[PDB]
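Side chains are part of it too, since the values below use all heavy atoms of this structure and drop only hydrogens, waters and symmetry mates. First the proteins, then the strands, lettered A, B, ... as listed; each starts at 1.
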Amino acid sequence: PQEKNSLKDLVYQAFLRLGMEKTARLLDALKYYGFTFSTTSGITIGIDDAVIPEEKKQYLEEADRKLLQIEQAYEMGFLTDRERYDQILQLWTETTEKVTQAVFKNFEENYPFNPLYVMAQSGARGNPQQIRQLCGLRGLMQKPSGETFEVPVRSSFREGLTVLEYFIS
Amino acid sequence: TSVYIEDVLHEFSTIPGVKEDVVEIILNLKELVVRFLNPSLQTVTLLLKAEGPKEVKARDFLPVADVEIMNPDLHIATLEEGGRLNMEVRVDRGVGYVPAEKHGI
Amino acid sequence: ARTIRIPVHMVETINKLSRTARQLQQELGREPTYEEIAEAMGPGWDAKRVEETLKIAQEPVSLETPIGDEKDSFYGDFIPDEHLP
Amino acid sequence: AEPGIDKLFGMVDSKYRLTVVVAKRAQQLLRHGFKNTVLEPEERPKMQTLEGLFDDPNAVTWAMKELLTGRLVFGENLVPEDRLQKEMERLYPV
Amino acid sequence: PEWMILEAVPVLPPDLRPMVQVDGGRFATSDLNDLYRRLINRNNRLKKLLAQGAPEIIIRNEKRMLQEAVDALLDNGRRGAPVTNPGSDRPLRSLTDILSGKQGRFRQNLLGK
Amino acid sequence: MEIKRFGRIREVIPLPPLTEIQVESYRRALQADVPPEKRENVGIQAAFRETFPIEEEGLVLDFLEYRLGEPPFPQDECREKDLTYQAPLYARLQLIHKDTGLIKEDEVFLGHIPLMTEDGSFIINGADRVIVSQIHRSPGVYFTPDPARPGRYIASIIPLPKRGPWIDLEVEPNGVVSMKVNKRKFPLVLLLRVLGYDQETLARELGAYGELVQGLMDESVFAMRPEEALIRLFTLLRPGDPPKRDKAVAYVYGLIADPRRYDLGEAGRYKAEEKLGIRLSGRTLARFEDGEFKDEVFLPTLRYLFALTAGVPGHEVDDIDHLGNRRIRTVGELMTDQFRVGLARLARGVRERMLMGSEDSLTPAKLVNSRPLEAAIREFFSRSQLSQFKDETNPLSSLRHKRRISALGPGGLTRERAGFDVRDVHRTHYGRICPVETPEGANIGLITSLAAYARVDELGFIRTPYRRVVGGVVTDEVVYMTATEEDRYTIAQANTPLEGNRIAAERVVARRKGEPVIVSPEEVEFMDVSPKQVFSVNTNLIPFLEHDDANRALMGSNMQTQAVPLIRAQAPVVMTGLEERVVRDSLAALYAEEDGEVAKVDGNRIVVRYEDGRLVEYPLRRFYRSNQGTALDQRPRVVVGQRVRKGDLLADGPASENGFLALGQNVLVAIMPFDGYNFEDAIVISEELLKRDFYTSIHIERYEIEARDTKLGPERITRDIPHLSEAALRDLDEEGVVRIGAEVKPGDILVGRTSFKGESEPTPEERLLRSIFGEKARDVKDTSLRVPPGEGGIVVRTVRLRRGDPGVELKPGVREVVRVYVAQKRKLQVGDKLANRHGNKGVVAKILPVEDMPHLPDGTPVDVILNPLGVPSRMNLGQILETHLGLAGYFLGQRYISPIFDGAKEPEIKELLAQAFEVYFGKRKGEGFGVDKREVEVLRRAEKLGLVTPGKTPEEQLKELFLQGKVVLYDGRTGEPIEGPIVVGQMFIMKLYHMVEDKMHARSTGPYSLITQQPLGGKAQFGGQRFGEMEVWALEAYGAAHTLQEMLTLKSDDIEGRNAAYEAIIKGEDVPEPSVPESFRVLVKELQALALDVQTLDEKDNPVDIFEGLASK
DNA sequence: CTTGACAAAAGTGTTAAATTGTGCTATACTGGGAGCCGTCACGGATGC
């Protein structure tokens, strides 16, 4: 499939073999057909296009269970205050990455022509980090001092943030 | 295509005894539907002379031969006691959308 | 004290006019008009002379006066040269 | 892109030499009213005007197309500047 | 090396420090004229003080004021409190200020136009 | 059209008056209505009581009372005549002869106090202005840790701004505590000796904190008396100054003990007592009584500093960005502060007049010169950074401006001193300052907005309301409480589930000192009133705010301020519930004072017969020009004989629809790329918008000209302009002014003016030319006012103010001034900026005919085409949800109120879409139409994309697409359907004040600068574009040497070159070789003025003259 | 082509009022005034 990198390599190869004048004509041809097909393709953005994977609920419940494990070990003296803080951040960092993989795995196997997935894969608009905030969770937030809040933003932009989460972000 | 109102110089004014300003009256006149019963008729002028208190409608224009108002109940202006509305509305025949800045009639 | 020098006889005239206007303001509770100032000055004074004297007393404005909240725009940037063709 | 821009760049060692040659030729063409052109009458650049097809007024367009034909000679220290101007006026009094 | 001390102070041409009447009727002038007037007033007063045989304390104060007037004309605010026109706290734009900075002559009128 | 309201949170209290930050503070400062004997010691009353009595000593000028008179002119007349809406100020002053014992009392006129209008603004020189509230560090005593020395703390004593020096107490590494005053560091031990402290006393009070008291032990200064230490202290503070006792005591008294010179402030005094656990008698660091200095705050400050350094419990450092440590100076305090400064200047002039003498016939009127007070007040309302030209593009614009909070301004911060700490959203901004509304760019975090429910208290601290929670049940008791008081409680979120008034959820999301925690209901002590208190008014107008990224929500809230009023302005289909309150609190609309019946309705005025029987006539503001040029008019919304209740709408104001805020239009939007005209935020609209006059706005431009007295003769405003034909003078009346109702185009004359030509002999070519034609040159020339390029319209108003007119204060030498108002009706065109409330903005790049737009199967074309590529990166999903809800409301014929964070959710939007489908598609079935062949093809692709369930009927699959907000959409160009279903819905889009009509500019040649001889700048001055250094860099990188040289010389400041270039071009010739720029000649001459010999040399080092021999003697 | 003739138009020498510059006020008076410090790192010098 013709994406940003393959089209860029095509333009560079045409420049080497054919010169500026022919490359400029090729660029206008790509622009014309790219605009023509994007209009008739049926590319739009609905709220359901931000598909929520079913693994997000599993990961959040799993993260909550391991969050209790950290707090249980905190009360037993096995780990210090800074150890508890680092353990929570690592747990949510790993959970955030798994949700990102679940979002794109859900698109890859079930909605290969999903608008957000197609824009991100083709290089038109968006990156996996921004797609995760729309379909997964926004994740950990930082205080103005630079310290990370212990509780992440568990909601995506589809579900809608709470008042506190919006202020934390 | 053009409207003349007595004692009115431009469309950015208000008329004493009339609730609507000239802009709103022109907006109401843009919804006037006029049917020419004569295929050779190209331009007609409709005369309206009203005195308050009344709700002047499209049926209050003076009758013109080979001219029929298709929406007589169209609201034009609201006249208060002591208010008068003497209008000369010109209706032309044409195609497409011609902004006033182009024809300038 | 003035970039455009004014003779002492006219400086004292400006000082007297300013004092007279100040005293009339406290009596009237408002800015006096040129006729009211001229009447208080005495004989030989009309509103035309008061206006001319006040026009004379106007100090020149600086070309480097800032315009806006940033010191990047000045009065001289908006004055066209009208001498060179 | 300008017509034959790849060929124009290939005829000079430095791309800015091409601009100097084109600009100097254009002023030669403007100075003599395009009477010093090396273009054949069927090769003259044309303007589509409401009054008909006329010659292209842009001398830069003329200069670029003249260089594509190969009938122009460019270089450094080809002829003295004074002798070049005087001789070209003799051939094209304009 | 003694040329680093000024005996004659150059005066900028008047069109580069214009006094112009605006369309309204009021006059507009550059800060350099006020800086020049202060130097001339202090220099002229020193000449009269010297002619009157004033005590050294008065002469010393005038000479120190003359040095500061020259400094304000060349570089206002470089040494001591910046010189400002009456009725405002704006420092007068000196010759150094005109040439230096982002609003100076180099970066506002020579490197870009 | 019904309005369906979403939301579960019940707001116990309504929004406070949105302008009370302006209105209440200025009323408190003026105290105009309270009788003088009951005036409290605040505002300008406090200013009088602080400066008076002016005891020169023996004449004493005492202040008894002041009063404010009625304004000389009404608000409308002040605007027309460029007058300040102000009230005369009179002070009843008494002069007391201490020797004779005689009192002379009279009322002196102190000048004019500008008056705030009802909406909360001022009219300064005929212009509407808003005084922006200022945020700064609150006065008091603060304890911050030393960054250089770990474990060490410094004590800061901050008074009111420009009301005393900052005091720093620090334990030096050697041990002695140092006091830093006016950049001078001296040992604090010496000061306490002056303030009467013994060695035993210091050991008793502060000897219980380690050995730190040992550093507060200098045997040299305890040996000397307090009077000797006072002189010793005076020498350190003012070295060289003769240390006389009377001079020394006056300096120390004026440094820490003079109320007229040191003022800790009511907020500062309160903060000092709360932190140090003491009780201040006044607002000074010390008190001078019985000929000696008594300490008031230094001992508690040093005691806390040692206790904090010793690590004792209960002592903590102070967060200076904590909003309990940052206060707001409102318009009342800012005006009062400048009023005090002017009064101090007036008091100083009273003393010198008392020094002059003539006490035999001295009256208080003679001693008082009000000009220093008037000048200070005039300077504050005219040339202050916080005094700003009122933004009134739409009524919401003025509301936001009056709630703006600025960290800049006099006594404020600068962007150089503004680090990340001041600009960040502190945790205490919650409920007090909006975490979203801020200007993006260099001013981010420096200008903010008051939160919707927030209010500034008497001390200047922002308080936010909370609901008291006791025993796990939420009461209706609302407590407005500061950030420092908020830190003491566990405050639950407003979304916490409630069973009646009792908290139903076992786990409650709460905040403890700003941190999110999960607590039991019994641990909850307060509750948030509503989600709306977190955000400002503009942010609260963004529906589905919870679905938008904060960076794009910032853009949406800011651009609502830029929306122009529309002649057919509509309230949004999806609202948040604050649209009515914004219009009501802006005072732009008209409402019935009480119950009554409307007697007369007209476009000019409304007369209502109230129940009590009195006739009240309300004149309607019609076609008024705002500060930004947008037309502000009030259109009546009642008929004659209609009964109105108290508060019922009488006339809609600008940008309002039936009392609801109407900043734009409701248009049918298709979210889909369209042939590259949607590229990079560009917007495609239909021509049908122009046909029905949506996004059509009225703009009024003001043109001014003055007829002046000139030495060669006065300028005459007349119709007789020399050398002009009848065509050019056709629209001018006999007075020379353009007639009302005339259409004016660029180059047309608005008003004719002739000016006497300066005496100068003509060029000989002109002398021969005039002689051939036999025409004698006239004495006057054309100086008439003409329409600038790219402007024009319809003349609607001409204002002529003449010298001697009542209230017209023309400048000397000006005989008359003529002002012409030109109104233009602006339709939407290519280049005009459109935006929605979610930060999606773009310019119209293409206007299509109706038959080219995508259309529904029922034939309805969409109005606006938006690129779906603008959504994913911006992460503002609220527009999509608005589009889905708008699609349901478009077919159900209803509007929606979805409050932010508590409103319409996806399940409830979809069930609205299910009902909207039954009228969307069920109407088709009744008309005798099945499923389109084109729809069947799209449904076939839809199931391959996983959008519809395979095996269902086409009707069911179309319903499934509809529940996702998508419809089958047909291409108007081809008739074939778009291969995939397209999100189509109704969305509220605003037309912004940035219009290509006002921004397009071009210049070939024009005015040049006086000194540099370079083209001026700005479209208004017909200036040229700035070719700065970076643009010069670009040409250098291109190797375009000759292009660069032209811009440097031929097109900017080569006077000979630019004249020869223009002459060559108009002759058909090529421009000549450029020459030296005139700015380089200026540079050389200015370098010579610095006594620098700058010379241009040739190949042979010989001097080269670039001045053409014009400067060589 | 000159040559008179005119009524200005322009130059010019007085004379007056208007304007401008200068001196002078005699109880005794004897060291100012406004500020008043929320940024940062960078050289470079200037001395402990």
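In this entry the distance linking CZ of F186(F) with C1' of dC36(G) reads 13 Å, nearest Å. Between the CD atom of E12(C) and the P atom of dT22(G) there is a distance of 15 Å, rounded to whole Å. For the pair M10(C) CE and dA18(G) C1', the interatomic distance rounds to 11 Å; values are reported in whole Å. Put simply, NZ on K180(F) is 9 Å from P on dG38(G), counting in whole angstrom units. Distance, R261(F) CZ to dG32(G) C1': 12 Å, rounded to whole Å. For the pair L255(F) CG and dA34(G) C1', the computed distance is 14 Å after rounding to whole Å. Atom OH of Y142(F) and atom P of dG38(G) are 13 Å apart (whole Å). The distance from atom CG of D258(F) to atom P of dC36(G) is 18 Å, rounded to the nearest whole Å.
A positive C1'-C2'-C3'-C4' dihedral is found for the sugar of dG4(G), placing it in the north range. Pucker assignment for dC6(G) gives north. The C1'-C2'-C3'-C4' angle has a positive sign. Using the sign of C1'-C2'-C3'-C4' as the criterion, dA41(G) is classed as south-puckered. For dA17(G), the sugar pucker falls south, since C1'-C2'-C3'-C4' comes out negative.
With hydrogens and angles ignored, no donor-acceptor pair closer than 3.5 Å exists between the side chain of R348(F) and the base of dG33(G). For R326(F) and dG38(G), a side-chain-to-base donor-acceptor distance below 3.5 Å is present, hydrogens and geometry of angles not being considered. Within 3.5 Å, a donor on the side chain of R238(F) pairs with an acceptor on the base of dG33(G), or the reverse. Looking at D321(F), its side chain comes within 3.5 Å of the base of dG38(G) through a donor and an acceptor atom.
Salt-bridge annotation for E379(F) and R383(F): absent, with no side-chain N of the basic residue lying under 4.0 Å from a carboxylate O of the acidic one. We find that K247(F) and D241(F) are joined by a salt bridge, their nearest charged nitrogen and carboxylate oxygen being less than 4.0 Å apart. In summary, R327(F) and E333(F) engage in a salt bridge, as defined by a charged side-chain N under 4.0 Å from a carboxylate O. A salt bridge does not link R79(E) to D71(E): none of the charged side-chain nitrogens sits closer than 4.0 Å to a carboxylate oxygen.
The side chain of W166(F) places no N or O atom within less than 4.0 Å of a non-bridging phosphate oxygen (OP1 or OP2) of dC36(G). Regarding contacts with the backbone of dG21(G), a side-chain N or O of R5(C) is found under 4.0 angstrom from either OP1 or OP2. At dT19(G), none of the side-chain N or O atoms of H9(C) fall inside 4.0 Å of OP1 or OP2 (strictly under the cut-off).
Nearest to the side chain of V422(F), among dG21(G), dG38(G), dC36(G), sits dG38(G). In the set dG35(G), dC37(G), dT39(G), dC37(G) carries the atom at the smallest distance from any side-chain atom of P165(F). Of all nucleotides listed (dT20(G), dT22(G), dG38(G)), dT22(G) comes nearest to the side chain of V8(C).
Separating the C1' atom of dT15(G) from that of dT19(G) is a span of 16 Å, rounded to the nearest Å.
Stacking check, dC37(G) with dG38(G): criteria not both met, so the pair falls outside the 5.5 Å centre and 30° angle limits. Stacking status of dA45(G) with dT46(G): stacked, per the base-ring test of centres under 5.5 Å and planes under 30°. Stacking holds between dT15(G) and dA16(G) under the rule that six-membered ring centres lie under 5.5 Å apart and planes differ by under 30°. Stacking between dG31(G) and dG32(G) does not hold, since their six-membered rings do not have both centres below 5.5 angstrom apart and planes below 30 degrees.
Here salt bridge (charged side-chain N to carboxylate O under 4.0 Å, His left out) pairs that include residues 49-59 of chain C, with residues two or more places apart or in two chains, are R2(C)-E59(C), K48(C)-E52(C), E51(C)-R803(F).
Closest-nucleotide positions on DNA chain G for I167(F) and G240(F) were compared, and the one nearer the 5' end corresponds to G240(F). Comparing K244(F) and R137(F) by the nucleotide of DNA chain G that holds the closest heavy atom to each, the one mapping nearer the 5' end is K244(F).
Residue contacts for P159(F): at a heavy-atom cut-off of 4.0 Å it reaches no nucleic acid atom on any strand shown. Looking at heavy-atom distances under 4.0 Å, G164(F) makes contact with a base.
A cation-pi contact, defined as under 6.0 Å to the ring centre and within 45° of the axis, links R238(F) to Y251(F). The side-chain tip of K275(F) does not point at the ring of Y270(F) from less than 6.0 angstrom away and within 45° of straight on.
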